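Trainee: Below you'll find the structure I mean.
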Amino acid sequence: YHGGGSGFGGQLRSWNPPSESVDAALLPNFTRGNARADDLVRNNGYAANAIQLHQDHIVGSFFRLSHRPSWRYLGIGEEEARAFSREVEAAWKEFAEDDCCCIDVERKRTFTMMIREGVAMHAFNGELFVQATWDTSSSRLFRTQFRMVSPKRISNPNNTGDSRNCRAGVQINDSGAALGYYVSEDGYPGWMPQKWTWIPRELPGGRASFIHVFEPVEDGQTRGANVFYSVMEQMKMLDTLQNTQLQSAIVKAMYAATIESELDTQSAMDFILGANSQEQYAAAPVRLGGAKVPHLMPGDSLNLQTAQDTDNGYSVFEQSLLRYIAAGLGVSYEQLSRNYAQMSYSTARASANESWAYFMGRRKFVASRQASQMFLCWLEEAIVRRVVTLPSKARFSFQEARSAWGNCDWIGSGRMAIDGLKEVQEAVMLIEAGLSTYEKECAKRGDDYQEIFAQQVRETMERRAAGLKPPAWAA
Amino acid sequence: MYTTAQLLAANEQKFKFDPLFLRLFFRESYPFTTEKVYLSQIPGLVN
Amino acid sequence: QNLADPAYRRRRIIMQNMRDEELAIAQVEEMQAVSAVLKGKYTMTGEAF
């Protein structure tokens, strides 16, 4: 091509990017890249807002679980399948949201909030590390414990030159499949000697010992890259500009007026401004009276500096940069920057729904994956303990049918309404037209049809007993 | 001066060497944990 | 009969070193305190100080 070679008369003649693999492009300065990204997200208001939006929209307040077993594939009657489904759902609802916080080892988290922790960690560091443990304590019915570990906890020991198999703390097979990890102890305080430990990705018995969740851009990408990588400098310089602009405004406004007399400073201040009245260096404090007009002789002049407009394009320039950063992060500019001005309903809806589609995609590709992994890990312990009896006519056992038995998804916060009435009208019209299902609409609203029907029945019978009024579902 | 001079080949013709002794006679590896290394043998001879 | 990795040997060596460092620090403060509430006057001096 023409632009491919050198450019329109040199231009990018001296710019030859070093064609290389993703690992070559990220490993050499992976540590400092993560450090810069976390520093920006930690001490930048916009980045903190972005990560908060991620953790509040990907999952939100609740993370409901819905399991559908592959009864058709497993040759299982649907009634037995759904009985087992409700049993495992009851077990999950009594286990995951346990107030013990004993699902996690540190006892300081709950399931939904650690899901948020994981998705935020993946968002602002490009990868996610979780581990599973079998507690030795016999007090709890379930001995499984969970813990998320920062990627910085996983590194090549001795920080040596990277090897083919051991890749900055991960062991890959001949085909490149990861099988083991190197995780070191906590580094606070880092002055104590630091010790690593090798952990298999999964138990030889099939249990998933460790869970690595990320989106690999290219094959062989052992470690994910945070989304910030493309905008770090262009947001760091932005915040530096904001700080410098604020300081410049302060210094420009702090002088205001000047005096050009010939006499000494204290006498000039006494004769032109006031002050004095000293009870007994520190210049002189001037009394804040009202409407003081002085008298002057030749060689004296009071000049009030006109200063300058303090926002000469700064606001619009930072607005454009915020548009750029919103494009980079994939979230809507209005959400990122608290700017809803002069926006039409249709255009606001378009931006909001495209951002919502992005968020739903990221949810499905991150939170669903990690939730499925941890859910299967817990389910293996559950079936081993035989708390719930798997149907006796299984054509395949759980060991090979992990995916078959673990067929389940999750529902986060639903598509929250922009108008409400339009959405409910769409729901009712689709239902009366038979174009959708109670499952679809309750998922869109963050509900579930089974227990919503149970609640409807309970309220109906309560109203029947009370003799108040039959609601709009009778006979 | 006007010496654009695109290059097309970077031939090395560097070296010709392959151990093959690493696979001929010393297939097994044993890195040390300690410093002192002990090896012995047993002679077989009798009247 | 039961050796150990020289890495672990270094680890325990450093642990012992930190322990004796802490002891040496603590005894300095204890000497400070005994001098202080023993006579009130208290001077600190030494080579290269």
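Please note that chains go A, B, ... in the order of the structure tokens, that every chain numbers its residues from 1, and that ligands are numbered from 1 in the order shown.
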Any idea which chain A residues end up within 10 Å of chain C if we count only C-alpha atoms, as a PyMOL selection string please?

Mentor: chain A and resi 192-195

Trainee: Which residues of chain B come within 12 Å of chain C, and for each one, what is the closest pair of atoms and their distance in Å to one decimal, counting only C-alpha atoms, sorted by chain and residue number, as a Markdown table?

Mentor:
| residue | atom | partner | partner_atom | distance |
| --- | --- | --- | --- | --- |
| B:32 | CA | C:5 | CA | 10.0 |
| B:33 | CA | C:5 | CA | 6.3 |
| B:34 | CA | C:6 | CA | 7.6 |
| B:35 | CA | C:6 | CA | 9.9 |

Trainee: I'd like to know which residues of stretch 50-221 of chain A are alpha helix (DSSP H) (by DSSP, run on the backbone); could you write them as a PDB file with C-alpha atoms, in the first residue's frame?

Mentor:
ATOM      1  CA  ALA A  50     -15.187   4.158  36.092  1.00  0.00           C
ATOM      2  CA  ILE A  51     -14.249   1.147  38.210  1.00  0.00           C
ATOM      3  CA  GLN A  52     -17.175   1.822  40.549  1.00  0.00           C
ATOM      4  CA  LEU A  53     -19.500   1.916  37.547  1.00  0.00           C
ATOM      5  CA  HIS A  54     -18.036  -1.382  36.364  1.00  0.00           C
ATOM      6  CA  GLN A  55     -18.533  -3.118  39.694  1.00  0.00           C
ATOM      7  CA  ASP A  56     -22.038  -1.674  40.083  1.00  0.00           C
ATOM      8  CA  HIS A  57     -23.321  -2.393  36.556  1.00  0.00           C
ATOM      9  CA  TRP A  71     -31.788 -33.747  31.527  1.00  0.00           C
ATOM     10  CA  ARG A  72     -32.201 -34.394  27.797  1.00  0.00           C
ATOM     11  CA  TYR A  73     -28.504 -35.206  27.414  1.00  0.00           C
ATOM     12  CA  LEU A  74     -28.283 -37.182  30.661  1.00  0.00           C
ATOM     13  CA  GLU A  78     -37.503 -33.473  33.892  1.00  0.00           C
ATOM     14  CA  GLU A  79     -39.387 -33.723  37.190  1.00  0.00           C
ATOM     15  CA  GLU A  80     -36.424 -35.355  38.934  1.00  0.00           C
ATOM     16  CA  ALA A  81     -34.115 -32.833  37.274  1.00  0.00           C
ATOM     17  CA  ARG A  82     -36.112 -29.870  38.565  1.00  0.00           C
ATOM     18  CA  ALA A  83     -36.462 -31.423  42.023  1.00  0.00           C
ATOM     19  CA  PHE A  84     -32.681 -31.708  42.152  1.00  0.00           C
ATOM     20  CA  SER A  85     -32.498 -28.163  40.785  1.00  0.00           C
ATOM     21  CA  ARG A  86     -34.626 -26.741  43.583  1.00  0.00           C
ATOM     22  CA  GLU A  87     -32.661 -28.755  46.149  1.00  0.00           C
ATOM     23  CA  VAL A  88     -29.337 -27.383  44.921  1.00  0.00           C
ATOM     24  CA  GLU A  89     -30.809 -23.876  44.692  1.00  0.00           C
ATOM     25  CA  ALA A  90     -31.920 -24.153  48.321  1.00  0.00           C
ATOM     26  CA  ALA A  91     -28.443 -25.348  49.276  1.00  0.00           C
ATOM     27  CA  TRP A  92     -26.884 -22.423  47.422  1.00  0.00           C
ATOM     28  CA  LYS A  93     -29.242 -19.893  48.985  1.00  0.00           C
ATOM     29  CA  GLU A  94     -28.428 -21.233  52.442  1.00  0.00           C
ATOM     30  CA  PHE A  95     -24.676 -21.356  51.725  1.00  0.00           C
ATOM     31  CA  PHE A 111     -20.478 -13.991  47.573  1.00  0.00           C
ATOM     32  CA  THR A 112     -21.869 -11.055  45.600  1.00  0.00           C
ATOM     33  CA  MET A 113     -19.264  -8.642  46.924  1.00  0.00           C
ATOM     34  CA  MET A 114     -16.389 -11.003  46.130  1.00  0.00           C
ATOM     35  CA  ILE A 115     -17.827 -11.399  42.632  1.00  0.00           C
ATOM     36  CA  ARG A 116     -17.631  -7.613  42.405  1.00  0.00           C
ATOM     37  CA  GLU A 117     -14.082  -7.753  43.753  1.00  0.00           C
ATOM     38  CA  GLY A 118     -13.134 -10.232  41.051  1.00  0.00           C
ATOM     39  CA  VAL A 119     -14.720  -8.354  38.173  1.00  0.00           C
ATOM     40  CA  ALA A 120     -13.140  -5.085  39.308  1.00  0.00           C
ATOM     41  CA  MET A 121      -9.767  -6.812  39.643  1.00  0.00           C
ATOM     42  CA  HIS A 122     -10.070  -8.130  36.097  1.00  0.00           C
ATOM     43  CA  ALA A 123     -11.197  -4.725  34.831  1.00  0.00           C
ATOM     44  CA  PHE A 124      -8.334  -2.731  36.349  1.00  0.00           C
ATOM     45  CA  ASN A 125      -5.623  -5.397  36.077  1.00  0.00           C
TER      46      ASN A 125
END

Trainee: Wanna dump the stretch 72-186 of chain A-stretch 207-212 of chain A contacts at 8 Å for me, each residue with its shortest atom pair and the distance in Å to one decimal, counting only C-alpha atoms, ordered by chain and number, as a tab-separated table?

Mentor:
residue	atom	partner	partner_atom	distance
A:127	CA	A:212	CA	7.3
A:128	CA	A:212	CA	5.6
A:129	CA	A:212	CA	4.9
A:130	CA	A:211	CA	5.0
A:131	CA	A:210	CA	4.4
A:132	CA	A:209	CA	5.3
A:133	CA	A:209	CA	7.2

Trainee: Write out the residues from the selection above, keeping N, CA and C atoms, as a short mmCIF file (atom, residue, chain, number, x, y, z; two decimals), in the first residue's frame.

Mentor:
data_model
loop_
_atom_site.label_atom_id
_atom_site.label_comp_id
_atom_site.auth_asym_id
_atom_site.auth_seq_id
_atom_site.Cartn_x
_atom_site.Cartn_y
_atom_site.Cartn_z
N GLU A 127 -6.76 -9.41 34.60
CA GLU A 127 -6.84 -10.84 34.90
C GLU A 127 -7.43 -11.03 36.29
N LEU A 128 -7.74 -12.29 36.60
CA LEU A 128 -8.40 -12.64 37.85
C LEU A 128 -7.87 -13.98 38.34
N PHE A 129 -7.49 -14.03 39.61
CA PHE A 129 -6.96 -15.23 40.24
C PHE A 129 -7.82 -15.56 41.46
N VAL A 130 -8.41 -16.75 41.47
CA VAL A 130 -9.16 -17.24 42.62
C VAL A 130 -8.62 -18.62 42.97
N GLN A 131 -8.80 -19.02 44.23
CA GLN A 131 -8.34 -20.33 44.67
C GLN A 131 -9.40 -20.98 45.54
N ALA A 132 -9.36 -22.31 45.61
CA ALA A 132 -10.28 -23.09 46.41
C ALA A 132 -9.49 -23.93 47.41
N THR A 133 -10.01 -24.02 48.63
CA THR A 133 -9.38 -24.78 49.70
C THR A 133 -10.40 -25.65 50.41
#

Trainee: Rounded to one decimal in Å, what is the spacing between atom CA of residue A:167 and atom CA of residue A:230?

Mentor: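 Interatomic distance, atom CA of residue A:167 to atom CA of residue A:230: 23.5 Å.
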
Trainee: Quick one: everything within 10 Å of residue A:311, counting only C-alpha atoms, minus sequence neighbours fewer than 3 positions away in the same chain. Send it as a ChimeraX atom specification.

Mentor: /A:245-246,249,308,314-317

Trainee: Please produce a file of those selected residues containing N, CA and C atoms, as a short mmCIF file (atom, residue, chain, number, x, y, z; two decimals), in the first residue's frame.

Mentor:
data_model
loop_
_atom_site.label_atom_id
_atom_site.label_comp_id
_atom_site.auth_asym_id
_atom_site.auth_seq_id
_atom_site.Cartn_x
_atom_site.Cartn_y
_atom_site.Cartn_z
N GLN A 245 -3.79 23.94 36.28
CA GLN A 245 -4.76 24.98 35.98
C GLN A 245 -5.36 25.56 37.25
N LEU A 246 -5.68 24.70 38.22
CA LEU A 246 -6.22 25.19 39.48
C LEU A 246 -5.19 26.06 40.20
N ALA A 249 -4.96 29.40 38.45
CA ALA A 249 -6.09 30.27 38.79
C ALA A 249 -5.90 30.89 40.16
N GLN A 308 -7.51 37.36 34.48
CA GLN A 308 -7.79 36.69 33.22
C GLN A 308 -9.00 35.79 33.42
N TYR A 314 -10.52 25.63 28.87
CA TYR A 314 -10.13 24.46 29.66
C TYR A 314 -11.28 23.48 29.80
N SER A 315 -12.48 23.98 30.07
CA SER A 315 -13.61 23.10 30.29
C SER A 315 -13.93 22.28 29.04
N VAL A 316 -13.98 22.94 27.88
CA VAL A 316 -14.32 22.20 26.66
C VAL A 316 -13.18 21.26 26.27
N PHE A 317 -11.93 21.66 26.49
CA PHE A 317 -10.81 20.78 26.16
C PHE A 317 -10.84 19.53 27.02
#
